[PDB]
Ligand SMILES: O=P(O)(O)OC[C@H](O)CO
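Consider the single chain below, provided in structure tokens and representing the form solved without the named molecule.
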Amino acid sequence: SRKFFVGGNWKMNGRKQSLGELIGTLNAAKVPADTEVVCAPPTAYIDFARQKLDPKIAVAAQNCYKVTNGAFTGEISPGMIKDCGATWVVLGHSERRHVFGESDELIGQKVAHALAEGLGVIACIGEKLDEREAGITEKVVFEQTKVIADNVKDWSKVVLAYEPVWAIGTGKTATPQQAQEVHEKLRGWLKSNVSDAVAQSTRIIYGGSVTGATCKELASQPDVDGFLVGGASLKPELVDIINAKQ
């Protein structure tokens, strides 16, 4: 019992005009009954996107901080995210980790607080190129996942996203088999360290390169439960990725 999950990470892209247009497209898309869809707009447009999107698509913040209110110029809290109608937050995204230096310690604390506040969390992990080539893929993503698990009580509110950071802009790419390998090792970590129950019911989505051309082969991997989509999430092509199991 794992419902197919497709998250669209718009990253720092779009304006009210172009996003309005894209939202119109998605509002007309037939989202399958077996599929849960979430879009993560730029923080300035969480409000806008929730107002314009049809309820069949949930809204995620791309990040948040770890307290409800405070002297943290530039941050938003899970309270504000809910106040705008979003029900998810993306935490630990590769860009937060490796461009903006967000530690594991910090990400775990955001997870605890987002969960305590009633949000769903799309919790991202994954290994860089140096790490993969040293043999420490397992170590790196287990450690990352351990830190997230320490701050989760209710796993029904969590989706794990594997980001093959080693394959992003590096000269390397991941095969569907390489994706499947990491996802079944992560499910083995959940079964081992949490419960078979949690393992069987927790979506592990793929956060590497995915397009309309590649989504069916990726979605048919037994341990790949969906996608955290980058570039293609800004295009009608997102609808094709949503239809991946159909």
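We number the residues from 1 along the sequence you see.
Beyond the structure shown, there is the form solved in complex with the named molecule, which is absent from this document and is the topic of what follows.
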In the entry with it bound, the residue from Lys146, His98, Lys157, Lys82 with a non-hydrogen atom within 4.5 Å of the named molecule is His98
Find the only residue in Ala174, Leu106, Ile168, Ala112 having a heavy atom within 4.5 Å of the named molecule in the entry with it bound.
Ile168
Pick the stretch from 98-106, 83-91, 146-154, 132-140 whose residues have a heavy atom within 4.5 Å of the named molecule in the entry with it bound.
98-106
Could you list which residues of 108-132 come within 4.5 Å of the named molecule in the entry with it bound, counting heavy atoms only?
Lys128
